[PDB]
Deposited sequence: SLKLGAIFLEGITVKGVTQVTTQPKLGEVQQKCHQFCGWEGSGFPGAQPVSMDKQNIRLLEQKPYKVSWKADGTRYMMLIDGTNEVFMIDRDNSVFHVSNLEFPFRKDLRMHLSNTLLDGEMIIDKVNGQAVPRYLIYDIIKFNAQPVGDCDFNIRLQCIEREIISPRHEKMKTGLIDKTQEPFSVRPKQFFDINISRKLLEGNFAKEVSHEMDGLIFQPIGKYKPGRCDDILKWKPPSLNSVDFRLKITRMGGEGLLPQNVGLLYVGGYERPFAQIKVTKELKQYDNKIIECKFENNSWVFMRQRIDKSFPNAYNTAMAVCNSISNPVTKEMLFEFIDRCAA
């Protein structure tokens, strides 16, 4: 099913970012995404976290995790496959084509990456007191057709910096990649050791990612945390309702992580 009139970012208008409705390009982009994620269904192949609760919270002492700010952005998978073949995919499976957002190859800046699929969200940051869209790279499923998604989270984060972010910065500072003519900025999401979650909540929640490998669908492994208050499908919301009866206070969390901490 197609969604006509799809919006890339409610509010701000982004030139260079237009929804793909033409075929076969639409089915090709979607198909390629599903194959990279090894998803069989038809919906969003991307990974779906689950709200933290007094039960799965124990997973933090059972294996290595990383944490980071839980922004209020729009989820989007970015399929980078060749020059002028940069596409954004949302939860509704809508596809948007992005013009002038180049992704050079680490070894040959005149080359362009392909068979690459990033995962992250779209945010509307305020710079100099003005709306400016940014894409935060959370994960990376496939790099140049390589199953980097199967690697630990550590390696995937390095791949993004080393393979995606670094090359782009090189061509901007050396070649002709004007960050002002680009549709939006591409910055990497930053993760830290969970034994410092506290520091992140002082300056809107947290998200705990395990070192395991990328997995599409529902990941009861990935825990997103949101204050008991301001805490918003039926089955999905069902885990949000019973979560209100026995909520994980910011204290319960920190205290738990401190107990676990080495």
- Non-modelled portions of the deposited polymer sequence, in sequence order: 204-213, 243-313
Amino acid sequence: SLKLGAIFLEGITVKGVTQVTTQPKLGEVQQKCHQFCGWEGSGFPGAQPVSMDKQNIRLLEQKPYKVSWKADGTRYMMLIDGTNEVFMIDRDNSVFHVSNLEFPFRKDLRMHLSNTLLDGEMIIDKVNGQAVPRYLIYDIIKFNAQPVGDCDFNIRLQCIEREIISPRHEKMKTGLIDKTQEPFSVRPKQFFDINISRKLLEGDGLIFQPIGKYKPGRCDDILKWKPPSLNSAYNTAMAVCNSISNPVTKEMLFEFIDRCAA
From here on, numbers count along this sequence of modelled residues.
- Query: For the C-alpha atoms alone, is the average B factor greater in 204-212 or in 223-231, going by the entry?
  - Reply: 223-231
- Tell me which of 177-185 and 78-86 has the higher mean C-alpha B-factor in the deposited entry. 177-185
- Note on the structure: From the entry's CA B-factor values, the highest among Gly27, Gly43, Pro49, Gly38 is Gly43
- Which listed residue, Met122, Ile141, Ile165, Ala71, has the largest C-alpha temperature factor in the record? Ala71
- Message: Looking at the temperature factor on the CA atom of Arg156, which third of the chain's modelled residues does it land in?
- Response: lowest
- Note on the structure: So, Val95's CA B-factor, relative to its chain, sits in which third? The lowest
- Item | Third assignment of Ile137 from its chain's C-alpha B-factors | lowest
- Message: Ranking the modelled residues of this chain by C-alpha B-factor as given in the entry, is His34 in the lowest, middle or highest third?
- Response: middle
- Which third of the chain holds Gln190 when residues are ordered by C-alpha B factor: lowest, middle or highest? middle
